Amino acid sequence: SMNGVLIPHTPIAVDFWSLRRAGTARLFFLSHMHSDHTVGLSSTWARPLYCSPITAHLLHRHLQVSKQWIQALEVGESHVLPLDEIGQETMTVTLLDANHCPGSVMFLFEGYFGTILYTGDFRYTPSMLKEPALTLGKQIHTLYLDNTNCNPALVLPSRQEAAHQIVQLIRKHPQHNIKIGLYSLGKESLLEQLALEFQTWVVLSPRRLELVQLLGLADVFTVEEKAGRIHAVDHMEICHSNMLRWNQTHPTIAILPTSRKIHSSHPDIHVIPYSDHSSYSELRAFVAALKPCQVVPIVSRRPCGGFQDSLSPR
């Protein structure tokens, strides 16, 4: 899927890389390095690209986008970007920690269009309201929201509570190897927590270890499989056939940390609602505190509602 947006009546494109559809009167932004946000973005990209410093490093390393075009913006600062070559108009952009994955940010856009807050992918935490850029009384005219888990019937625990569910599960199997199905990026802090909790080395891929060292996490990761019982694998590897394959070597439990209602054939495959996306209740509190004039879903194909009673008149 493609979860990028061309914001109408603005010079803004976020996680949206189709040259034909975007046009030439746009500035391009990248919230984070998940593949559904970099569709069409590769080493051939030849336009200015604005992102976080961590995203900037990952972008050049793994997609080979030239450093000529990569524009790393410091988080928490107001950046003034030119919209033309004659110093006629500018746009002010402020990056805010999205609490989603390494490098993930929210964008605060200010310009002729007004004020727009673009969350990208984010997990709401109350500290986001205490952001200096959001405590200036500025009216947010449009709030683009991560509506991934925007289902009122879907109750999700906090990441800490979900991490506890994972810990409890692993505790029941002290003799088992543990397969954690992940994307190439994200939930590294979960791995670090599991490493310390069970005093084990967490086996990664050479790519992940390279990433972890950038984050400056604890020295608890390695590429040698014989070193630990907790293994970070690609989520696609977790299925019935691979469970039988893995059990030939050692008793194995597989864990899928996701808010998606994935069902498994194998009894030893566990799907636990550990999510990097805000829950419905967290979304409600986020919007209620900001009170924007309008709320627009980033994930168009997915449901998004229940925010009329939290909007602002202006």
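Quick note: we count residues from 1 along the sequence shown, nothing fancier.
Asker: Averaging only over Cα atoms, indicate whether 155-163 or 219-227 has the higher B-factor in the PDB entry.
Answerer: Higher mean C-alpha B-factor in the PDB entry: 219-227.
Asker: Is the mean CA B factor in the deposited entry higher across 29-37 or across 58-66?
Answerer: Between 58-66 and 29-37, it is 58-66 that shows the higher mean C-alpha B-factor.
Asker: Looking at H266, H277, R47, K261, which has the highest CA B-factor as recorded?
Answerer: Of the options given, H266 has the highest CA B-factor in the PDB entry.
Asker: When you compare the CA B-factors of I180, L211, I116, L96 as listed in the entry, which one comes out on top?
Answerer: Checking the PDB record, the top C-alpha B-factor among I180, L211, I116, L96 is at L211.
Asker: Looking at the temperature factor on the CA atom of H79, which third of the chain's modelled residues does it land in?
Answerer: As the PDB entry reports it, the C-alpha B-factor of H79 lands in the lowest third of its chain.
Asker: Of the three thirds of its chain by CA temperature factor, lowest, middle or highest, which one includes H173?
Answerer: Top third by C-alpha B-factor.
Asker: How does the C-alpha B factor of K187 compare with the rest of the chain: lowest, middle or highest third?
Answerer: It falls in the middle third of the chain.
Asker: When the modelled residues of the chain are sorted by Cα temperature factor, does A72 land in the lowest, middle or highest third?
Answerer: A72: CA B-factor falls in the lowest third of its chain.
Asker: By the record's CA B-factor, is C150 among the lowest, middle or highest third of residues in the chain?
Answerer: Middle third - that is where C150 ends up once the chain's C-alpha B-factors are sorted.
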